[PDB]
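Included below are structure tokens for two forms of one protein chain, each presented in isolation as structure 1 and structure 2.
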Structure 1
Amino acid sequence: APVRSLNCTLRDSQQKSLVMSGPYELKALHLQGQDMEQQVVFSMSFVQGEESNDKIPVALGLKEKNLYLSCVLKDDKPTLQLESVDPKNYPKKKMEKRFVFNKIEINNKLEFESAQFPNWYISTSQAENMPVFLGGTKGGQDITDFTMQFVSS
């Protein structure tokens, strides 16, 4: 394999899982013991960027859905968005900055800072069923901490 990739699940620190809110958008909500298969499996690739040791650059894409979380400027504000790419060319170890997030692990607690837009992380609201977005205040009240579960089974 040209790039190192692992399949994971992700749940925020408030225990909310993430799901598709209509292809091209994601949302976090707590799922009932029956709908647990509604959660998106990611393909976290270890892309090369600024390996700072306390950070590890990654690419987050929807499994076999050919979609990659990227960060772009939308209205002069850093924003999260899902964009499709070419399945043959992707995933690459040399990823364009927009799809690049630095995976920071504090107390077994994951944050994903945007390499493109530092001080802006993958966030979720305390609210149930709201979309997954890029948040800039970090601790404004919005959740920027997550947990990862590997799909080894």
Structure 2
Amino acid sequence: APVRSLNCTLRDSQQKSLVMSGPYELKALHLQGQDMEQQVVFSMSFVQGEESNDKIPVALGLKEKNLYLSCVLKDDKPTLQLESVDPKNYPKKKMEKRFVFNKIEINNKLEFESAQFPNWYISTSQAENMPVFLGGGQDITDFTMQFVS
């Protein structure tokens, strides 16, 4: 039947929140109190793909927006982008591979591996207000999820 989706927020293992800074642009920063309304709410879709006990294929769309995180080669490197889609056709169970992350449960945290680019992860910097990026050292790949109404 329809693809199944949950509303959620993500925080990195230094408890940095993710926000839409600019057009098609994600950064991460320490947020608490009133300013937490600025955080991005995801619609996490459970999509078709290779699955195991602790490795579950998802897509990450922005809640009630036709925008998905997407892994594509840019100037010859796997990168993370926000990509616009046809709002009539999404979300769907058979998401294209560039939209698919393997959500991996390791030591009570989550990592989001690119299905398209093995061993490349959704990452943040230790520094405040820096972009969210694909990284596959010195990066944060460990998140926690908060389930939203």
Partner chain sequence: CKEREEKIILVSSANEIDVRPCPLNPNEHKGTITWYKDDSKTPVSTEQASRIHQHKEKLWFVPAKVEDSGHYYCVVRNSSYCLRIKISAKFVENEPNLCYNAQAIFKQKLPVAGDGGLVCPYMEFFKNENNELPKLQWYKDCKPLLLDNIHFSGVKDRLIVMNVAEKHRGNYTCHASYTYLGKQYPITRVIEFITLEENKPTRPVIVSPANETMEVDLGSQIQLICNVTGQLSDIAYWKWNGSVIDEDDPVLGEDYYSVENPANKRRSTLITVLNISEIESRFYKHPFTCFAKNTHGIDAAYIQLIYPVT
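Residues that one form lacks are left out of the comparison. Basically, rigid core = biggest C-alpha set you can superpose within 1.5 Å across the two forms. Sequence positions of structure 1, starting at 1, serve as the residue numbers.
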property	result
Matching structure (the form solved in complex with its partner chain), either 1 or 2	1
Entry of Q48, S52, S84, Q126 that shows, once the rigid core is matched between structures 1 and 2, a C-alpha shift of 2 Å or more	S52
Core superposition result - C-alpha of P23, shift between structures 1 and 2, Å	2.7
Once the two forms are fitted on their core, CA shift of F99 between structures 1 and 2 in Å	0.4
Once both forms are overlaid on the core, stretches between structures 1 and 2 of 3 or more residues with C-alpha shifts of 2 Å or more	52 to 54
